[PDB]
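First structure 1, then structure 2: two forms of the same chain, each alone, as structure tokens.
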Structure 1
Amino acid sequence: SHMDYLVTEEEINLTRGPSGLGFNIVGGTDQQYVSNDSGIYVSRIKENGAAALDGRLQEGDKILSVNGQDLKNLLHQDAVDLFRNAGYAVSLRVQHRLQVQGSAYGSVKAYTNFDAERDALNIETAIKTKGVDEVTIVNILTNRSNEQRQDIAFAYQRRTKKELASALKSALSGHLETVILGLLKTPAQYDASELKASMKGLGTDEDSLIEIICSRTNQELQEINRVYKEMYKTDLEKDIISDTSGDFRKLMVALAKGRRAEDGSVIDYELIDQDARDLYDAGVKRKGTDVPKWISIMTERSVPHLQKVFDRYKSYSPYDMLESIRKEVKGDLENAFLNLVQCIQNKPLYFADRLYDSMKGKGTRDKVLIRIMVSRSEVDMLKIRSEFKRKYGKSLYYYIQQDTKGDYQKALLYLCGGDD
């Protein structure tokens, strides 16, 4: 889930009019646009101008040369003079810097004009303001990508000799602290800490353990397994074994290994039918249930394969997969299978339903609401929002607004990313 910059260089030829080339420039050795580069940059493109109609030049481009003359290490005025004296036919060599987001369906995007040192200074200022300036802290952190937050944390520690997460742990409280500390962890660190929390102490928070283990992919689970061992000095599988038993343990342990078959380009029609018939013969068709058979099929096959298996299953069975689970099993095991099949069939709708359940009644299941808003904000929140609005008739934004208040509400609404 990582951002990228695509730096490319392009030659652009324009015809000067009475209005000129139609853009403004900034920079120079005497007017350094940032701390380092003395380069010349396009700061604005005038509408209905030469550069605009041509469409190639972008705001933010660096001008490398004008008619073959380089704009490297020039005073601002010397660069202006190259433009003023370039004639009516002007050849530009420019450098484009294009920001690429990690996911197309995330709600939180990388910030364009990002300066980790400035953000760290501003957050320290907000922490040290009398009474704590939570608004500024929320405004910054919910409007930076997770990778940018890691860079802020690094600059903060260097400046203050304190870890940013610890400083905010001390400065904040309540649900807002929970949101902010969650946003500061990497995705694997966050999931690992949420898994540990679901198991630490007497009993188990099966709801949270199931949500994470059933919804994460092989790539996410492999990194969680690695980070969990670094953070807690034990294997995630050993903690699952410690906290669970019976068939529920078998299913959780199997899923947590992250060894599901990857999506392939070959559709295995013969296996689709055999899997569907096996699911029927293991469950609705017989007395009792062959749970190991269900576990093997539903944990080992790829997600696109299982989507087709569940459709073929309806050719054999009078009930669909979800209804069959309800009839065959119970307890933690039923809850796990139901969550898993929902994640296979439509994962954004799965999270939309969990979000609705966390708010629909008296109060709020804040732990679930926060974890989904934090963990899915850079993955598929736009699809979650679309499923939510389609099913429930009002936006996710609307439900968050009614159920939460204060700076905590503000933070969740930023992670939502907008109204629908």
Structure 2
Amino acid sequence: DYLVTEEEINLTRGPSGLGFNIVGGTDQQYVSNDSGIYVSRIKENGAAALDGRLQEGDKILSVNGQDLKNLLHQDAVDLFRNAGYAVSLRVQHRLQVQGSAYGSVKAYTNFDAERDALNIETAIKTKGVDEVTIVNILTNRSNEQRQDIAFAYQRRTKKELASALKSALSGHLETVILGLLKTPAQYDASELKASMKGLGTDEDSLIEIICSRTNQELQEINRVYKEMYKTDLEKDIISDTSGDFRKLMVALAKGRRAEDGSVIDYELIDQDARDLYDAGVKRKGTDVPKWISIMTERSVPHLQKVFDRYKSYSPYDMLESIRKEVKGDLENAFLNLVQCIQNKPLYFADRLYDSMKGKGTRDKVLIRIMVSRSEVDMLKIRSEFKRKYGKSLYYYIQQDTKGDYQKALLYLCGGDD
């Protein structure tokens, strides 16, 4: 999913300074228990920007040959402030090279935003509305292509595409289409905002989003949430949850989980496993903060190994331990989180099965998963679904939904099996 490259960058400090900011240190950890020094910002027309090599999110390994390993924040700052005007940096980059490789919806190769916008306008305005054409277009374009369509639509009609579709569509189909027209962060932010109703908060939707999104996704959600609603996501969580459930949700929503490490820390894997047992099944009652700290701070690959080592000590695996130890929203949040850590595509496959298996449909959950995972890991979700349930995700959608709504969801599924 990611690539790591190292590189020596040589900067000359000009009248505007080096032109970048840093975070980190043993006392100001960027992510949980990470003491590294990271570039947080790069100023324009500064030395780093005009050089081009340094990038935000870079880890700074050394300055003028001095290693930035396990330093106080101030000691790293002092090494920069006491450097000369010729500054040599060894830096580590982190590059994401996955994209939509495991998504079911790909960018349409022969895309033409103006053509799509015109054909959707025509479909909206034909007598009776041509929902088939609207579904065929919008579910067979990537999210960013949909944004270009919406821009071209507004330019030619002087009306917003989402407003026009609110009038042209109804029912679950409208929910699907309007969801697809939001960016991933806008969609997640709006779903979280809608779930927070004070004492009527939709904990299940809160849990699903907060427990399953990564650091990078949550950082974008936090930024977009603030722009859209003029309040920080964390503040709305605090005012709409309570108890240990609130502390868990707040911790997860920060999106500061330890990032994937190069070295597997076997000693910490074992110690975390013992701690989880000692805090839960081994004792009367539960030390919930210890569970929260471990499960929100460690990297996902680390915790995967922790949960297996936990079985060496405990007669019960982590999931059945949660069921035995806690109840209510807190129990449901831990259960979702542990499933997300162990196998995220299987987590979504099981949530999709649950949304359809019984009487009627939990359309809110079904739609949200099909919209939000279609460009992420729907191909992996489909593989886990077929392996566990024998029939395909496509088949269950077909049995539980009908009409143009069904057709849109099957396009988001992408194919059978």
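Residue numbering: structure 1 sequence, from 1. Only residues modelled in both forms are compared. Think of the rigid core as the biggest set of C-alphas that the two forms share within 1.5 Å after superposition.
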Once every C-alpha goes to the better-fitting superposition between the two structures, are residue 115 and residue 92 in the same rigid part?
no
The number of degrees by which the smaller rigid part pivots relative to the larger between the two structures is 134
Enter the rigid core superposed C-alpha shift of residue 103 between the two structures, rounded to one decimal in Å.
1.6
Supposing the core is put in the same place in both forms, how far has the CA of residue 200 shifted between the two structures, in Å?
3.3
After the core superposition, state the residue ranges of at least 3 consecutive residues in which each CA shifts by 2 Å or more between the two structures.
4 to 102, 200 to 202
